[PDB]
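Working notes, structure below.
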Amino acid sequence: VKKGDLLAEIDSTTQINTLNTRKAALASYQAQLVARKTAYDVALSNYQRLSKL
Amino acid sequence: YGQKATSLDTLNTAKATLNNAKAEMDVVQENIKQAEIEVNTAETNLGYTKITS
């Protein structure tokens, strides 16, 4: 069996399901980034002006 | 108003409510006049204080 070869397999299920879990988490956290950034855009261009004035 | 927001509805206050201030002061000029006038005529109906020869 050449180094690093095909030998076994188990129930990878529980472990991939939780991988998919943890990639959904992320996949929403980036979608928080969307809003929790534009909110700052609306409040950067509000402030940078209101302060000048 | 050049600073993007300050809705026109509040610039228009200022415009028309400047001209109303200005003009409501003119009215009180013409009144100052009419009072200075009618007061000189009110001493010129007081010419008659010797009935000069």
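Heads up: the sequence lines are chains A and B, in that order. Per this note's numbering, the first sequence starts with residue 1, numbered consecutively. Per this note's numbering, the second sequence starts with residue 1, numbered consecutively. Ideal Cβ placement from N, Cα and C applies to all residues, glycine included.
The C-beta of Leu44(A) comes no closer than 7 angstroms to any C-beta of chain B. Counting along the chain, no alpha helix (DSSP H) covers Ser12(A), and no H or E run does either.
Annotation for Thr44(B): the continuous alpha helix (DSSP H) segment containing it runs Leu11 to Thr44. Shown here, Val34(A) sits in a helix according to DSSP, grouped into three states. Boundaries of the alpha helix (DSSP H) around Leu50(A): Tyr47 to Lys52. Put simply, the backbone Cα of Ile51(B) is about 12 angstroms away from that of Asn45(B).
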